[PDB]
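Shown below: my_file.cif, with mmCIF, C-alpha atoms; chains and numbers go by the auth columns.
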```
data_start
#
loop_
_atom_site.group_PDB
_atom_site.id
_atom_site.type_symbol
_atom_site.label_atom_id
_atom_site.label_comp_id
_atom_site.label_asym_id
_atom_site.label_seq_id
_atom_site.Cartn_x
_atom_site.Cartn_y
_atom_site.Cartn_z
_atom_site.B_iso_or_equiv
_atom_site.auth_seq_id
_atom_site.auth_asym_id
ATOM 1 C CA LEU A 1 -16.281 17.125 -25.992 0.00 1 A
ATOM 2 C CA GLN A 2 -13.261 14.919 -26.707 0.00 2 A
ATOM 3 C CA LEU A 3 -11.270 16.563 -23.910 0.00 3 A
ATOM 4 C CA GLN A 4 -14.274 16.296 -21.587 0.00 4 A
ATOM 5 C CA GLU A 5 -14.724 12.621 -22.477 0.00 5 A
ATOM 6 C CA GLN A 6 -11.009 11.965 -21.986 0.00 6 A
ATOM 7 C CA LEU A 7 -11.059 14.052 -18.802 0.00 7 A
ATOM 8 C CA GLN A 8 -13.970 11.971 -17.494 0.00 8 A
ATOM 9 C CA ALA A 9 -11.945 8.774 -17.894 0.00 9 A
ATOM 10 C CA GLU A 10 -8.891 10.539 -16.461 0.00 10 A
ATOM 11 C CA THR A 11 -10.874 12.046 -13.580 0.00 11 A
ATOM 12 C CA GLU A 12 -12.237 8.578 -12.801 0.00 12 A
ATOM 13 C CA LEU A 13 -8.647 7.320 -12.571 0.00 13 A
ATOM 14 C CA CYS A 14 -7.814 9.882 -9.884 0.00 14 A
ATOM 15 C CA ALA A 15 -11.003 9.021 -7.994 0.00 15 A
ATOM 16 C CA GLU A 16 -10.277 5.314 -8.474 0.00 16 A
ATOM 17 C CA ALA A 17 -6.561 5.689 -7.729 0.00 17 A
ATOM 18 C CA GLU A 18 -7.302 7.769 -4.627 0.00 18 A
ATOM 19 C CA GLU A 19 -9.969 5.299 -3.502 0.00 19 A
ATOM 20 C CA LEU A 20 -7.611 2.422 -4.328 0.00 20 A
ATOM 21 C CA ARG A 21 -4.557 4.133 -2.827 0.00 21 A
ATOM 22 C CA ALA A 22 -6.420 4.551 0.465 0.00 22 A
ATOM 23 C CA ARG A 23 -7.356 0.865 0.304 0.00 23 A
ATOM 24 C CA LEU A 24 -3.682 -0.043 -0.110 0.00 24 A
ATOM 25 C CA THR A 25 -2.952 1.930 3.065 0.00 25 A
ATOM 26 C CA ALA A 26 -5.304 -0.360 4.989 0.00 26 A
ATOM 27 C CA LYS A 27 -3.737 -3.392 3.301 0.00 27 A
ATOM 28 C CA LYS A 28 -0.258 -2.078 4.101 0.00 28 A
ATOM 29 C CA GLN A 29 -1.386 -1.249 7.640 0.00 29 A
ATOM 30 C CA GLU A 30 -2.957 -4.707 7.899 0.00 30 A
ATOM 31 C CA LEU A 31 0.305 -6.327 6.796 0.00 31 A
ATOM 32 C CA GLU A 32 2.214 -3.823 8.936 0.00 32 A
ATOM 33 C CA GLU A 33 0.004 -4.801 11.875 0.00 33 A
ATOM 34 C CA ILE A 34 0.925 -8.442 11.220 0.00 34 A
ATOM 35 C CA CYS A 35 4.658 -7.787 11.549 0.00 35 A
ATOM 36 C CA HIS A 36 3.992 -5.528 14.538 0.00 36 A
ATOM 37 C CA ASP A 37 1.740 -8.190 16.061 0.00 37 A
ATOM 38 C CA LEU A 38 4.263 -10.875 15.103 0.00 38 A
ATOM 39 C CA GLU A 39 6.944 -8.800 16.844 0.00 39 A
ATOM 40 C CA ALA A 40 5.110 -9.347 20.131 0.00 40 A
ATOM 41 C CA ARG A 41 4.977 -13.065 19.320 0.00 41 A
ATOM 42 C CA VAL A 42 8.768 -13.114 18.940 0.00 42 A
ATOM 43 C CA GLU A 43 9.079 -11.316 22.276 0.00 43 A
ATOM 44 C CA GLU A 44 6.330 -13.507 23.742 0.00 44 A
ATOM 45 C CA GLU A 45 7.929 -16.640 22.291 0.00 45 A
ATOM 46 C CA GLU A 46 11.354 -15.470 23.467 0.00 46 A
ATOM 47 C CA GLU A 47 9.868 -14.570 26.853 0.00 47 A
ATOM 48 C CA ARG A 48 8.079 -17.926 26.992 0.00 48 A
ATOM 49 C CA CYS A 49 11.324 -19.616 25.943 0.00 49 A
ATOM 50 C CA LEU B 1 -7.536 25.121 -24.151 0.00 1 B
ATOM 51 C CA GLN B 2 -8.450 25.046 -20.456 0.00 2 B
ATOM 52 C CA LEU B 3 -9.419 21.382 -20.816 0.00 3 B
ATOM 53 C CA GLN B 4 -6.044 20.655 -22.427 0.00 4 B
ATOM 54 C CA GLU B 5 -4.200 22.222 -19.491 0.00 5 B
ATOM 55 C CA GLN B 6 -6.641 20.556 -17.090 0.00 6 B
ATOM 56 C CA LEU B 7 -6.373 17.216 -18.900 0.00 7 B
ATOM 57 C CA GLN B 8 -2.578 17.384 -18.671 0.00 8 B
ATOM 58 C CA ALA B 9 -2.908 18.209 -14.969 0.00 9 B
ATOM 59 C CA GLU B 10 -5.247 15.248 -14.459 0.00 10 B
ATOM 60 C CA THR B 11 -2.781 12.928 -16.200 0.00 11 B
ATOM 61 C CA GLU B 12 -0.055 14.342 -13.949 0.00 12 B
ATOM 62 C CA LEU B 13 -2.287 14.465 -10.863 0.00 13 B
ATOM 63 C CA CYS B 14 -3.561 10.927 -11.438 0.00 14 B
ATOM 64 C CA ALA B 15 0.029 9.892 -12.185 0.00 15 B
ATOM 65 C CA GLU B 16 1.075 10.972 -8.689 0.00 16 B
ATOM 66 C CA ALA B 17 -1.905 9.103 -7.235 0.00 17 B
ATOM 67 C CA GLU B 18 -1.104 6.064 -9.382 0.00 18 B
ATOM 68 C CA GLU B 19 2.594 6.409 -8.546 0.00 19 B
ATOM 69 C CA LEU B 20 1.802 6.940 -4.863 0.00 20 B
ATOM 70 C CA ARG B 21 -0.628 4.015 -5.024 0.00 21 B
ATOM 71 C CA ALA B 22 1.977 1.894 -6.814 0.00 22 B
ATOM 72 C CA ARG B 23 4.605 3.097 -4.333 0.00 23 B
ATOM 73 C CA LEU B 24 2.417 1.672 -1.559 0.00 24 B
ATOM 74 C CA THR B 25 3.068 -1.805 -2.972 0.00 25 B
ATOM 75 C CA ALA B 26 6.811 -1.280 -2.515 0.00 26 B
ATOM 76 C CA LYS B 27 6.251 0.226 0.938 0.00 27 B
ATOM 77 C CA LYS B 28 3.709 -2.469 1.815 0.00 28 B
ATOM 78 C CA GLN B 29 6.155 -5.072 0.498 0.00 29 B
ATOM 79 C CA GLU B 30 8.746 -3.719 2.936 0.00 30 B
ATOM 80 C CA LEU B 31 6.333 -4.231 5.830 0.00 31 B
ATOM 81 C CA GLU B 32 4.990 -7.416 4.228 0.00 32 B
ATOM 82 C CA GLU B 33 8.550 -8.751 4.064 0.00 33 B
ATOM 83 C CA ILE B 34 8.878 -7.978 7.782 0.00 34 B
ATOM 84 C CA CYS B 35 5.802 -10.020 8.700 0.00 35 B
ATOM 85 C CA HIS B 36 6.907 -12.773 6.312 0.00 36 B
ATOM 86 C CA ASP B 37 10.431 -12.678 7.738 0.00 37 B
ATOM 87 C CA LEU B 38 8.901 -12.446 11.215 0.00 38 B
ATOM 88 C CA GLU B 39 7.021 -15.672 10.457 0.00 39 B
ATOM 89 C CA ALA B 40 10.349 -17.493 10.179 0.00 40 B
ATOM 90 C CA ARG B 41 11.484 -15.743 13.363 0.00 41 B
ATOM 91 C CA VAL B 42 8.193 -16.603 15.075 0.00 42 B
ATOM 92 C CA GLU B 43 8.456 -20.130 13.669 0.00 43 B
ATOM 93 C CA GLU B 44 12.134 -20.446 14.603 0.00 44 B
ATOM 94 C CA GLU B 45 11.257 -19.121 18.061 0.00 45 B
ATOM 95 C CA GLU B 46 8.376 -21.588 18.369 0.00 46 B
ATOM 96 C CA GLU B 47 10.697 -24.287 17.020 0.00 47 B
ATOM 97 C CA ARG B 48 13.088 -23.483 19.870 0.00 48 B
ATOM 98 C CA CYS B 49 10.216 -24.198 22.266 0.00 49 B
#
```

Could you take the file, read its structure, and then write that structure out as structure tokens?
Amino acid sequence: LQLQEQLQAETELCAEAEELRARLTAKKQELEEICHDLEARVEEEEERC
Amino acid sequence: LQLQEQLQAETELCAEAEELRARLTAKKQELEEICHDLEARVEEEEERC
């Protein structure tokens, strides 16, 4: 019962970490999309310049 | 005994997820630093305009 109770809290960490890790991928991709989108602005700004 | 081996695996499995999730912050920071640094480049480019 103690191992099951501790495993429940530990299992929730994996489910939470996995669900949170996937969320960080979107956040990283969102920030990565900003630099990628900003890269076009530099080229667009340089092209406009 | 199976729970002990499984509990240790969960702590190690969740550790990789937590480490991988925490590693995303460093990886996201790398891309986040690009967009942040690109802001100065986009701003310096717009400033040149």

Practice task
Select residues of chain B: the criterion is any atom within 8 Å of an atom of chain A, counting only C-alpha atoms; output as an MDAnalysis selection string.
Solution key: chainID B and resid 3:4 7 10:11 13:14 17:18 20:22 24:25 27:29 31:32 34:36 38:39 41:42 45:46 48:49

Handout entry: Identical-sequence pair chain A and chain B: C-alpha RMSD when superposed in order
Key =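 Once chain B is overlaid on chain A, the RMSD is 1.1 Å.
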
To box segment 10-21 of chain A, take all atoms listed in the file, fit an axis-aligned box, add 3 Å on each side, and give centre and edge lengths in Å to one decimal, as lines of an AutoDock Vina configuration file.
```
center_x = -8.4
center_y = 7.2
center_z = -9.6
size_x = 13.7
size_y = 15.6
size_z = 19.6
```
